[PDB]
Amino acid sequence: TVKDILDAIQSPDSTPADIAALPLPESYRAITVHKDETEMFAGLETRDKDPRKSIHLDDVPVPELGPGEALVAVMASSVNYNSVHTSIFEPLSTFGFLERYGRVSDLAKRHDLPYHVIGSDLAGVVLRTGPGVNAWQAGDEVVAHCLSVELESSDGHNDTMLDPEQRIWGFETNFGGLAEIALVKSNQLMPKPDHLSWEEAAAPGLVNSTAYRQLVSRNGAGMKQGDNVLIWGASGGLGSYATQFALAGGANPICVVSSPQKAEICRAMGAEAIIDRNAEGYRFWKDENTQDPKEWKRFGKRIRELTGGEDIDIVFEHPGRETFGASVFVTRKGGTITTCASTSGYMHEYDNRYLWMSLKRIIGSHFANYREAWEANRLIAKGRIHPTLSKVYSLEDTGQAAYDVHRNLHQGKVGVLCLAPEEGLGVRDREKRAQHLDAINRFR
């Protein structure tokens, strides 16, 4: 049973030899969305859709292990926006892709199923290794990157994010991490940091690695110490990791939040310059087809007062349409606007005179390649960047967890215990954990 696996992981006296020899259960507990139910939301608006009515907790058969892959006993995961989007079947259900992609080969076909096991983060222990897997073995304490790339095309051989056959694990693949067991490629695997618990270790993955590419990597903004970095939604999932990269890299974050409580979160992170966009009442759109340059100017005036007359070197974009005109306007001459999302709307509108005449640059970014994910996770291992857990749910209550994220109820990360019976487990370096406890817990 799975309980044998849980007890074997927990016990201090267990070997790599031991963990290999335990038999796989016939099925495991999984968070699921169903294919027969994809029409369930019938003429409802998006915000009017409830993940609690579409999410199931099923017993599901263990998948066949292929070459290059790994079966992992999952202690914890988190809720990501992609997970929520899949719950609602928005813009469409995830079964479309799983079906079309399943046609390519028999290995691809494993994913084409009446249910979809979701989740794109994980922290656990490797149970089985596939053939051709050498860097990892059973018993290894791991977290997982969510990029699944095949690399048959040559397009990704100078940055795997350009691979045309890429898949986001647990979104465009089945067997995601919101379950007691998961199937991932071994080149998704990263070592779990010693000083964190399972759910803390699971919390950064997708979001932190995305922030890393966007802001720190040379494929993104390429931040340098001293830069003024404008960070929209600074207390949210993405923003919370971005703010930390800015601070830890010796740059100056200009945190934009929507409340005094969110502002206090950024001050705790260490940010000095904070704009509450709700208190200042910036209306970058007059009506939703006309923008207000006056408001862009007013906002840039506020930034200049906080920086002592400096503009923004790098804007960390993600709200999109509502905000994107201001972002382009406020950036310094020669500076960079970096974007990984458009949550308020994907039809961006900006004045190009401010872009071309001031030699600025808009850089698109999406997730992270494995080297980038490694590096970001490594910075978590070193205690430079910290997990941003605000609330932990049990696997039982992922439905509620997904609703909570859907209505933006919590700051930072929302995490899910999977196999872990209680919070706070899986800490190996008690000394280092104590050195950073205050920071690890800032969101809680």
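When you see a residue number, it is the position in the sequence shown, counting from 1.
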property: Mean temperature factor over C-alpha atoms, higher-scoring stretch between 45-53 and 373-381; result: 45-53
property: Higher-B stretch (mean Cα B-factor, as the entry records it), 230-238 or 102-110; result: 102-110
property: C-alpha B-factor winner, where the candidates are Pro131, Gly281, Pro253, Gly222; result: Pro131
property: Top Cα B factor in the deposited entry, candidates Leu206, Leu359, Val216, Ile88; result: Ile88
property: Entry-reported Cα temperature factor of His116, expressed as the chain third it lands in; result: middle
property: Third of chain Cα B-factors occupied by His318; result: lowest
property: For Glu349, the third of its chain into which the C-alpha B factor falls; result: lowest
property: Third of the chain's Cα B-factor distribution that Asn174 belongs to, per the entry; result: middle
property: Chain-relative CA temperature factor third for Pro260; result: highest
